[PDB]
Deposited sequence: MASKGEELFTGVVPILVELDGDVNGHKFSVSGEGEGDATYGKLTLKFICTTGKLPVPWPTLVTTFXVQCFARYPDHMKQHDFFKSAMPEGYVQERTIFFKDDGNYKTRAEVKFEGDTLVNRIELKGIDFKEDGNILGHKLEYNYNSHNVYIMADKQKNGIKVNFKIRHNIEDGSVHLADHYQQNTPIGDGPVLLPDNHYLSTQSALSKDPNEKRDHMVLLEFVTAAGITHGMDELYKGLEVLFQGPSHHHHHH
């Protein structure tokens, strides 16, 4: 309500990630803006520690579902905006089939007039010549459905979805996502009926930018309840 009101216009975003995969440490900073009226996010990420040791598409999901567009009839099911400005904790395990896994913990909250996603990522059991550390992912992204259920026992939501990563040999590498979101503030909140976020992502580059980087555009609309 008051939380939803914070998203009526364009909101600045900052993202910060500290990461360690198979011992390779790295850091990413991002900035951009979100317009939840349209379900639209635009971000730019720079690896501030040099070369990113994993492919950029593997971090798209880690890099703010409060910017989803919830249609009018579904607005009572938007956990993410209600929890603002105090925010929520998002945790994932991401299993790359026949490879290693990411574990992430993020806090998503407002710092001033800015929505901030601060993340820590640890990745283990990857193959040094597999698709991830070997950089065999196409620089692109497909559409997915993010399935959300209430987790009443934990005052939050649990989320599951499977990302399809296109590989340079024409194959597809599946990344199973297991996600939980818990409010940062205390007190029981209203939790949604089962629904999903229709998510579309487009990755691009700034051709003058010489640092290792990703430009990410996202379009996210909630769906899956009767109209």
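Original post:
Can you list the gaps, in order, where the deposited sequence has no modelled residues?
Top reply: No coordinates exist for the deposited residues in 1-2, 66, 231-253, so these stretches are absent from the model.
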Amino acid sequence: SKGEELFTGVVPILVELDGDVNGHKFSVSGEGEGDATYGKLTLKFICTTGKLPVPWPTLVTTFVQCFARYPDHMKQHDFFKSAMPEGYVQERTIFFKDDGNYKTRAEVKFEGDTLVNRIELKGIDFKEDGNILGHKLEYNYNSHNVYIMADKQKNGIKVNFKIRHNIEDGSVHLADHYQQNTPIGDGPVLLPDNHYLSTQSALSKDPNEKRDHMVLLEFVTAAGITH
From here on, numbers count along this sequence of modelled residues.
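Original post:
Mean CA B-factor: is it higher for 67-75 or for 147-155?
Top reply: According to the entry, 67-75 carries the higher average C-alpha B-factor.
Original post:
Should the higher mean CA B-factor in the entry be assigned to 108-116 or to 136-144?
Top reply: Of 136-144 and 108-116, the stretch with the higher C-alpha B-factor average is 108-116.
Subject >> Out of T37, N181, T58, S29, highest CA B-factor residue >> reply: Top of the list by C-alpha B-factor: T37.
Original post:
From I13, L17, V10, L203, pick the one with the largest CA B-factor in the entry?
Top reply: Most elevated C-alpha B-factor of the set, per the entry: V10.
**OP:** Place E33 in the lowest, middle or highest third of its chain's C-alpha B-factors, as listed in the PDB entry.
**Re:** Middle third.
Subject >> Ranked against its chain, the third holding the CA B-factor of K127 >> reply: Highest third - that is where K127 ends up once the chain's C-alpha B-factors are sorted.
Original post:
How does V21 rank on Cα B-factor within its chain, lowest, middle or highest third?
Top reply: CA B-factor rank for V21: highest third.
Original post:
By its CA B factor, does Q90 count among the lowest, middle or highest third of the modelled residues in the chain?
Top reply: Middle third by C-alpha B-factor.
Original post:
Once the chain's modelled residues are ordered by C-alpha B factor and cut into thirds, is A222 in the lowest, middle or highest one?
Top reply: Lowest third.
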